[PDB]
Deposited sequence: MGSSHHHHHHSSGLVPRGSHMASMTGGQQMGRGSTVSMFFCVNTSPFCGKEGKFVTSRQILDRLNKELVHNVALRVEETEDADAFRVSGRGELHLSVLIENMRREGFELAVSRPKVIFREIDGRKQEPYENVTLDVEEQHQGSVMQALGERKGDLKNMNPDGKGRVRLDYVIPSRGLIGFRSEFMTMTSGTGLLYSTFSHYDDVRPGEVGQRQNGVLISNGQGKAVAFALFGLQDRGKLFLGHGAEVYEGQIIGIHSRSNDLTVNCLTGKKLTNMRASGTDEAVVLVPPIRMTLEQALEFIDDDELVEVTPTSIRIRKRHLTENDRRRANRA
């Protein structure tokens, strides 16, 4: 009985092997196979691609801890987004739901409830002790829960407790649950990101990196405020060049969003990957160049 699946792939980024010792198709397959010896829950299929394996676990959490200590072990790899495994029960198609149990200071209770609300979660139990904390229990589709561990930890300032586990399958919620609405900012080249470019770009959305970040072509470097994707230049600037042509301000950069693995997984769409190394997490389009992406969308 498995509930979520994703693809574990060899890291083909221009940066492969620069951060983790273990990068082979062989080494990854060997390591997955080894995991299957003590993980009853886990399923690993070879695919029509020698560099890609479809991995299925009890849920996203289980896949993520596996990715996380492959990281620790020196592995480099790319993963596709966690997809829930729909199942046809009777005639209707249904999706997995989890039970989440939370324990929070009352101070955080409103925010946490709101957030789970927004992720299509259903209040089942609410139980204050009289000492300032409160237990909540929700039932939420797996699809909507992905990403919440990190949200919860941040919004609770690390004081909250969270436990989630597969409950059951039920009729599918409607819509783009867990699905990013915005577009991404994609780097058009390889090099060192500079503040003079980032300064202009941060007007366009929210950046994932800052001055001095080493970047390649196809790497996703931020969130676009509009729904469409933007191929941008973060190696040299144009905004201040334009500013002097009227006014001038001082270059000040908003701190970048730093994303946990779980968040990177929540964020990416079908055409992207999370690049994962022992010391770094990156996001990229599957097709690294703008030329490739254009070709894909055309017929």
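Undergrad: So which bits of the deposited sequence did not make it into the model?
TA: Holes in the chain trace, numbered from 1: 1 to 32, 279.
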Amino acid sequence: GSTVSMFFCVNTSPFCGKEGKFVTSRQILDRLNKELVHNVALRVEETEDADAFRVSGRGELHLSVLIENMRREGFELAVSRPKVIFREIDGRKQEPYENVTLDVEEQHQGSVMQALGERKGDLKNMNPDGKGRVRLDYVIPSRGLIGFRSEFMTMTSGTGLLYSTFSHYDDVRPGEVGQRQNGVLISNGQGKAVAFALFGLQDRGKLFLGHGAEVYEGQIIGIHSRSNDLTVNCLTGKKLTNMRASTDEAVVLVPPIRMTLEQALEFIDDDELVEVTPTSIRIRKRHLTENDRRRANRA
From here on, numbers count along this sequence of modelled residues.
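Undergrad: Pick between 84 to 92 and 207 to 215: the one whose mean CA B-factor in the entry is higher.
TA: Averaging CA B-factors over each stretch, the winner is 84 to 92.
Undergrad: Looking at the deposited entry, does 114 to 122 or 173 to 181 carry the larger mean Cα B-factor?
TA: That would be 173 to 181.
Undergrad: Of the choices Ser227, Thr101, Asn188, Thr156, which one's C-alpha carries the largest B-factor in the record?
TA: If I rank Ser227, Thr101, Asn188, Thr156 by C-alpha B-factor, first place goes to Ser227.
Undergrad: Taking the values exactly as deposited, rank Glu272 by C-alpha B-factor within its chain and report the matching third: lowest, middle or highest.
TA: Its C-alpha B-factor, which the entry lists for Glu272, ranks in the lowest third among residues of this chain.
Undergrad: Please place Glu262 in the lowest, middle or highest third of its chain by C-alpha B factor as given in the entry.
TA: Ranked within chain, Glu262 CA B lands in the lowest tercile.
Undergrad: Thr24's Cα B-factor: lowest, middle or highest third of the chain?
TA: According to the entry, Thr24 has a C-alpha B-factor in the chain's highest third.
Undergrad: Thinking about Cα B factors across the chain, which third does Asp137 belong to?
TA: Lowest third of the chain for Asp137's C-alpha B-factor.
Undergrad: Among the chain's modelled residues, which third holds the C-alpha B-factor of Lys131?
TA: For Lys131, whose C-alpha B-factor we compare with every modelled residue in the chain, the answer is the highest third.
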